[PDB]
Amino acid sequence: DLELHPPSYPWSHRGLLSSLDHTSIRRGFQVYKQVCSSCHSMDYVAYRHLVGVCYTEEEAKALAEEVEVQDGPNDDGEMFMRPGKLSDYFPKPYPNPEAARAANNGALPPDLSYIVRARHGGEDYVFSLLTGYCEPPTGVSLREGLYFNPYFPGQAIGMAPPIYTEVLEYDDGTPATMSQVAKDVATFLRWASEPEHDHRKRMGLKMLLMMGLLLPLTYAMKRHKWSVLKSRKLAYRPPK
Amino acid sequence: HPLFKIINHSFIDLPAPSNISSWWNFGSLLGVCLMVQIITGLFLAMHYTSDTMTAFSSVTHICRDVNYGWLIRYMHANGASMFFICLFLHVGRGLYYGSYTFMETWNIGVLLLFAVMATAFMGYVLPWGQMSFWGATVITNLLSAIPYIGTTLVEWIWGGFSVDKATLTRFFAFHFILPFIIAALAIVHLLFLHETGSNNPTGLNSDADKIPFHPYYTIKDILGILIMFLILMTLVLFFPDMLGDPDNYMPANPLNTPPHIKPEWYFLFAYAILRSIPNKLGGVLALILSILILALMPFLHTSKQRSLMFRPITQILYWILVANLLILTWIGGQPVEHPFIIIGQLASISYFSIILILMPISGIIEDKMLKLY
Amino acid sequence: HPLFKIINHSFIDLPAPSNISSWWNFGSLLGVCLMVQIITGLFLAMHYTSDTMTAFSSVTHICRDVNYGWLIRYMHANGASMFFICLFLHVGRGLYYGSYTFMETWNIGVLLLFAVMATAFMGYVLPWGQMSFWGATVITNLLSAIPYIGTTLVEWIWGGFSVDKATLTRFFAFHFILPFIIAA
Amino acid sequence: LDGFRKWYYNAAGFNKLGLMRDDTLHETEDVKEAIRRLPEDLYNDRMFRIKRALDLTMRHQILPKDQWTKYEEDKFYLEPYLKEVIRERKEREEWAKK
Amino acid sequence: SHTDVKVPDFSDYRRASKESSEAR
Amino acid sequence: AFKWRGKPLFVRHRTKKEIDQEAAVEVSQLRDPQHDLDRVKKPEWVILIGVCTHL
Amino acid sequence: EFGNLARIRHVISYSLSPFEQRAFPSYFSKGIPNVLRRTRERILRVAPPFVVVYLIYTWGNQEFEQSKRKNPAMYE
Amino acid sequence: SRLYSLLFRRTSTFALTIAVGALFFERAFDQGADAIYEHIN
Amino acid sequence: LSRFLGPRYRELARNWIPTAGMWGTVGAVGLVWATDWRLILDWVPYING
Amino acid sequence: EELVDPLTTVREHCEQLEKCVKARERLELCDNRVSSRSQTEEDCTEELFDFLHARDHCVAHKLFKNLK
Ligand SMILES: CCCCCCCCCCCCCCCCCC(=O)OC[C@H](COP(=O)(O)OCCN)OC(=O)CCCCCCCCCCCCCCCCC
Ligand code: HEC
Ligand code: HEM
Ligand code: HEM
Ligand code: HEM
């Protein structure tokens, strides 16, 4: 369809063996927790996934115990809410998608767990969308609950612009400029959509080193066992 | 052991042509890819659940919580892509070098090709993403085209009014069971070939120059396996989503339709043809013929030379055929609008006219040039 | 014809002894039972879900809502029982008539017997009843007997501390895949 | 037409492997009957030429340009023998037809 | 006969002596 | 739509103009001859199933 | 199988042991010339179809864009 | 030349050298490879 | 095909025709029965139902 | 103390280039056109998409060097 195509940004993980910047993933998780978690869900990400990536065991335990999670039927036979555990997943904003429709003027905020993977050119798109709430031009008019984001399909995203400069304060203190926040949350969402990005690239580096060792050696063995024929000299000697 | 005899009869003391190029590696690669797929598929089956509530959750659990489960899943997906790459190059080798005169081997081949396409289609339906669900409905709908029994057949396969859990579970069963039938058909494929032996790129009788297979075409197959593994692991470990679609990472929404619906890239050539024919039924038929035209290929050989090594006009026609196959692969991707449509219509007309008409006439002309006709 | 040659040599003209009794039928019955099991198993696989929340529900849905699904399920169960009846009589024929002197055939047979027992065990675990779960724990525990690597092996198979969903799903995969190895 | 046939003979490329035209024929039933009816010396030269072409294709080489098969020189030896096979074949077919 | 010609030269192939065999 | 029977059950209301044009449409010239009212008990109310006849 | 494959006569065939011959005799010495020799015997048959595929692909893209580009004369 | 006569000529020893080498190769490869990956990122 | 445009070839077919029809008939009946095609089976008086 | 979003400073620095100011000139004419013609359905998206495409291309050339 007719849509603005987000440009290519020089990400720190854009390279072939380039891993993710984990401080940026920590800052983007803070951005999600303070801003994006009010409407969007992360159903396939738990707190224990943050251990060894952005936070330690005790920091992630404190982060999990900051929230409340209904957990099981009491012996008395009823529900109850408990502080989150490292095994708890990220809390739902709404109990069901129809509540999300009712609370967001008919629009459904999608799962942001795989948003980067699910959106064509996601990392860019995300950054662009979050930073692309430009004014609608003449000739186009949008109804309430809509915003002209060139990048968003149709340029009418129900989501209002969620990142105002200094929307939240980074604990690290890095200036919380809108951009610094959009880049951090794009790195984090990326991490979310692929927690193994780093581990894999290490496997790929070992694979390239092993193939660079093994391909000329197997080629040399093949050319040994095929030299015999490749030197064979045929001669026709009719008895004449 | 008597078996050792069979073990030797097909892999050690088999008389193979000494001059077969690297293209003859590809079929062995396909067998390796089949095993790889089966092995990876088995390790996807120990954690996948074929329930519409839990299929996407099980796939994410494989990618996030199973130790190296992302590795096995993306190896399975990119190994399906590598399977179709090796399959297309195997079929192109068979078309170029006149190997279709081994008619039984060719027909067992086109049966294997149909089975592999069905297996890959149902496997792509299996993760139950947005793209899988709309893709399934689309092709299942293809069947409805049938003139009289179409509706019933579609509903049968779906197992209900519309694809829903009923489909997913039976698609899991069929996607599980068909690669073993593919392995048995590949054993029949190997048998129907050893009766005649492999062909050589010159297309001549290679009985005067044959060598063993163990030390000459085994280390060659090992080197080809190593190169194919290099390409597969650089596809998995570095660009794991360059061949897939991003919209498959969203859950299946029956209410939300995607703006543009595609199958995966190796179905595109067919997709183009289907879209090209205005009539729905026509499209389905042409689509089928697209694959079937190959089976029809051994009856269209009108030349006195088996291979295309000494046939330059038919070489030009062959590379034009590869060219508009690539064009049809591109068009499928493009959306419905000018001028993508016209190209699609022509490209399909040119594809069927080159395979059906132009190559036998060119072979007759080439026989006339050598004072044979 | 190189595909028909096999049949002619094997099924149509094979020179067979004229005086073999009805006991020599049983092995062919086993092959038929294998197909029957595979066919019924395939039609159980189009509706069964290998999830511990939904496995019993899927089995009851097969028995109650699928058209003739009770027929295919009880054909599968009693065909496993018929498979073991024919297997025991086949082994008894081999023991009585001295057929074990065909040593390679006998060893491939006892490999087939081990594979069939493993397939039937995991298949009985598959409906996730009370008896299936306690039966699985029991035999999986059998492995723990191993002197040194036992604990690990058990946990591996279970895929966790104790049989739970992790097991059910891998048991579904293994129970699906082993009858084709049995056919080969 | 003669010069364009020489150009096509160079473009076909079996002369660079030292082959004749009749060496490049696909061995059908009639072609194998015509090959079986060849004299021993012609059959031995044909088998040596095919073996040398297979060896050259194995090493991905061609003959030197002085050793190629000149279009004018190529001899259609199998042709005479082949026509007969076809003639006999057709005669038999016709008899059955009638 | 069988002595008319001598084994063709493989110098462009042959490497450049049991002493060396062990290494080779 | 309410996803009736696993398929989008389009239910729509039409405007004076909406209803006016559809009637104006040439039934015979329609790819499928079915005048707007032919498929609706109420001109202001049109109900359809959301499966493209095509695929 | 071997022994009954074909009938040849008087074709002598000399060969050398693998360990006795260099592994990559003149590999880049003649390999390059040969690879180049090869490419010039097949480039005219292979390349021009893919060249016109590239032209048709670009053309389609640009044409499509122009198609999408608003008609200035329209809406005025 | 000594190596061939000692660890590469007898197939049993050939296997021994292979297995032992592989046992250590992993240590070296992993170590070296990791160094590189870390340096890169 | 040249060989198949023949006089005896024609005779053979003519002699073979009746048998061929019989086989199609068996299949047709078979298909009707196997599919329980009712459009056709509704014609048969007893088979009805 | 306004926290400067480097993105803004890069945005007007990139709008000082020539392709952006030409597309903005068409944008202006386009918008003026739509404004001038009181009743019309000719939007300025295409122009606006071209201006945003050029501007965000040169923004994405040099944005990330100013972000920690
Ligand atoms: C051909 C004229 C004569 C050319 C003479 C060239 C000089 C030859 C003498 C000097 C040596 C140069 C190198 C020689 C290499 C081997 C010989 C050779 O290449 O010959 C020319 C080649 C084959 O020639 P030949 O088959 O003998 O007859 C030509 C029939 N046109 O033919 C060619 O090279 C040209 C082939 C052109 C093919 C163009 C295909 C365009 C269409 C592609 C469509 C792709 C799909 C498009 C979309 C379809 C769907 C809409
Ligand atoms: C933290 C800064 C973020 C980020 C990175 C995103 N959002 Fe939201 N969002 C909200 C709603 C109601 C919607 C749906 C609107 C509609 O569909 O019309 C969205 C949507 C998104 C997307 C998806 C875009 C797409 O093409 O589908 C993305 C990538 C996205 N957002 C990013 C609601 C909210 C909030 C409540 C006001 C806030 C806070 C956020 N979003 C925050 C963020
Ligand atoms: C008998 C062996 C096989 C088994 C047990 C098997 C099993 C599975 C399972 C459980 C899945 C779902 C997990 C996932 O989403 O990746 C799957 C997916 C898939 N399989 Fe297989 N498979 C087998 C062979 C094959 C073969 C031979 C092919 C190729 C034709 C294939 C193609 C696919 C594809 C394309 C997917 C979808 C991958 C995706 O989610 O993108 N499988 N398979
Ligand atoms: C399931 C995937 C397939 C496998 C595993 C497979 C396996 C093989 C193997 C092992 C060979 C012998 C080695 C070789 O020549 O490459 C071979 C050859 C061959 N295959 Fe396949 N094949 C497959 C698909 C096909 C298909 C789809 C066709 C038909 C288009 C086909 C037709 C042939 C032919 C004609 C040969 C003979 C090669 C020659 O002598 O030139 N194969 N195949
Ligand atoms: C590849 C073919 C097969 C498939 C796809 C398959 C699939 C299944 C499925 C889905 C079930 C669960 C449904 C149920 O509870 O009955 C099942 C159960 C079972 N299967 Fe299979 N099966 C296959 C072959 C076999 C074979 C060969 C045996 C015999 C060794 C076997 C023995 C069993 C048993 C004993 C059960 C438990 C039945 C019960 O609930 O009482 N299956 N199979």
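Shown for chain J, in order and in Swiss-Prot numbering: 22-89.
Determination method: electron microscopy, 3.4 Å.
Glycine is treated like the rest: Cβ placed from N, Cα and C.
Copied over from Swiss-Prot:
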{"type": "DISULFID", "residues": "J:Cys35-J:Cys79", "note": "disulfide bond"}
{"type": "DISULFID", "residues": "J:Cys51-J:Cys65", "note": "disulfide bond"}
{"type": "MOD_RES", "residues": "J:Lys40", "note": "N6-acetyllysine"}
{"type": "MOD_RES", "residues": "J:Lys83", "note": "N6-acetyllysine"}
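Features per Swiss-Prot, on structure.
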residue	record	contacts (Cβ under 8 Å, 6+ apart)
J:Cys35	disulfide bond	J:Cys41, J:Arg76, J:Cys79, J:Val80
J:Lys40	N6-acetyllysine	J:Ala75
J:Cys51	disulfide bond	J:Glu63, J:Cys65, J:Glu68, J:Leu69
J:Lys83	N6-acetyllysine	J:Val31
Least surrounded among the disulfide-bonded residues, given as J:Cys65, J:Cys79, when other CB atoms within 10 Å are counted: J:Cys79
According to DSSP, which kind of secondary structure is J:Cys65 (disulfide bond) found in, if we only use helix, strand and coil? coil
Please go through the recorded positions J:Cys35, J:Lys40, J:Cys51, J:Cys79, J:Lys83 one by one and keep those whose C-beta falls under 6 A from any atom of ligand 2; give the result in sequence order. none
Near chain A: which of the recorded positions J:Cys35, J:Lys40, J:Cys65, J:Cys79, J:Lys83 have their Cβ closer than 8 Å to one of its Cβ atoms? J:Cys65
